[PDB]
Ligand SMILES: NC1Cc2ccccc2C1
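Take a look at this one chain, the form solved without this ligand, written out in structure tokens.
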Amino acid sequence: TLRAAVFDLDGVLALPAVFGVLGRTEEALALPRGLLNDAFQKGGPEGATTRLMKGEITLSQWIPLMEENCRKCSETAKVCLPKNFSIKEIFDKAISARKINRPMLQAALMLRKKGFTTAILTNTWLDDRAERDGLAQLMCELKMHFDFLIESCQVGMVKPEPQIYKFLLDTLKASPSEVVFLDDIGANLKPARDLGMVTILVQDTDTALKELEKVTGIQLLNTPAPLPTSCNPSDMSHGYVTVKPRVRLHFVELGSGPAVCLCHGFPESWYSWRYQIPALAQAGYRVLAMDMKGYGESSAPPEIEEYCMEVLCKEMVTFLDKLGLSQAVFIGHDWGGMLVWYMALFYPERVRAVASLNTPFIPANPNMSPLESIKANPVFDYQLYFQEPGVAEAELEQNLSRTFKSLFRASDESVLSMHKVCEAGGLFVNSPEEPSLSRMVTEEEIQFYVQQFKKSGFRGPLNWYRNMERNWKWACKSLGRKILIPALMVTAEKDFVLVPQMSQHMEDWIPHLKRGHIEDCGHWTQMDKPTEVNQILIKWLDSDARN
């Protein structure tokens, strides 16, 4: 019958419980047991700590007051304090040491995923310390995961007072009988129990989760490895930069730090990075997930030349120019991958670091024309099929839903065959009309791509495949160069078009090139293995792009 889960912060979703430091500072400084705890609660309701918890005074105003309480509390047990005693020192250390109890957050997230209304009910303070940013960031991450965040210092209500509970019940629009309350402080449980709501005294996460699991009848403990945070398109910050007359690029922006520009491939969207955007951001980066020219909310001019690599790159440079960015780490996938490689080859000054997924850097053959080269590779047949304007457009557009359900599939789900399409007459010639639902995408997500492409269609996207002669000539100018800025190539085992083997000779043009490999990963890397990707990129950014 439960339908709401409320989690305590310090001691439930965050550990080590700040305040739980008092006890340690005593056993450490060999002070009388509880001394610092009695000072922390000196005065009870009228106490400085309760005022601080209600929002009457800021943390910085409180610190001095708690110090006074550590002078009057010790004044009574004979006892004196160390020459270097500092409440700020003790708390700054305590707060930053406190981290998100991941297992609890996971339980929280799960419950939310199955219908529950989650909320954080905590006794906190207005933090104006010079290190406040620490708490801020931790709050930034947690917040987005709960429907509600009830902070005492914000409502002026602190709990064991039953009023904050009524407030909670009201904020939740739920009755006691259907609410679970997790807290590491017994007292704060009494008022909850009294209104008639399930309470869990949280000591060790696992036991609490055990009790929570039982009471909710939902698998929380020993649950499979969850998917990284995906982002809701409507909650994202959307940006629009006009890089040329009637050519504006749309992008999603999240987080702060070095600018990391993500460039999706064909036929995708900024949405194809729905998994790494929150991660890279959380990792300390300003993620700029693009809508490459031709897709979604970005301009999709009809002309082919508008999509030759040179014009595409210049625009990206202008994009940086307009945004007031001198550099950006360029991370591309598929056609996007190709784009970033040339960004590093023609605009190193603007690329802090470059990284590609699946797409390897392969210099142009000054002798053989692209068309010929590609004709010499069975798996690259479809590219010839995309040459004739209109042809590919018609089929890929006939049924958008079908197209994406047919494309976005894991290694072991294929329903197509990129080899022999010119012969078959089309990409879906012998593909089901109603393709099954891939394990990588939800019906909702596919529908996002469908709605995106309902704007500009596949002309713009397909044109990226119609400038090989031009790209070839352009690239030939870079044959004497070498990518010497930080570069990271990430191969996908199960990608049968952009095979890992195609990248083997890359160290020749990119000497310091770093690598990454993902097993059982198909072409749609980001979707297929978001966890490993985020892992691989975050590790690479922190080492070769942050400095």
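A residue's number is simply how far along the shown sequence it sits, counting from 1. If you superpose the two forms and keep the largest set of C-alpha atoms that fall within 1.5 Å, you have the rigid core.
Superposing on the core and measuring CA offsets in 9 other deposited structures of this protein, the stretch of 16-24 and 523-531 with the greater mean deviation is 16-24. Superposing each structure in 9 other deposited structures of this protein on the rigid core shows that the farther-lying of 457-465 and 408-416, by root-mean-square Cα distance, is 408-416. The deposited model assigns a higher average Cα B-factor to 185-193 than to the other stretch when 185-193 and 389-397 are compared. Stretches 244-252 and 167-175 differ in mean C-alpha B factor, with the higher average recorded for 167-175. For the set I536, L22, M527, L13, the PDB entry puts the maximum C-alpha B factor at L22. Among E372, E349, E268, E131, the highest C-alpha B-factor in the deposited entry belongs to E372. The PDB entry assigns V155 a C-alpha temperature factor belonging to the middle third of its chain's modelled residues. Among all modelled residues in its chain, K514 ranks in the lowest third by Cα B-factor. In this PDB entry, the Cα temperature factor of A5 sits in the middle third of its chain's modelled residues. Split the chain's modelled residues into thirds by C-alpha temperature factor. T491 is in the lowest one. Ranked against the other modelled residues of its chain, the C-alpha B-factor of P103 as given in the entry falls in the middle third.
What follows is about the form solved in complex with this ligand, which we do not show.
For a residue to qualify, one of its non-hydrogen atoms must sit within 4.5 Å of this ligand in the bound PDB entry; all three of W335, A364 and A475 qualify. Partner contacts here mean any heavy atom within 4.5 Å of this ligand in the bound PDB entry, and among 143-151, 466-474, 446-454, 227-235 they occur only in 466-474. Under a 4.5 angstroms non-hydrogen atom cutoff, this ligand in the bound PDB entry has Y342 among its neighbouring residues. Proximity of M309 to this ligand in the bound PDB entry falls within the 4.5 Å heavy atom cutoff.
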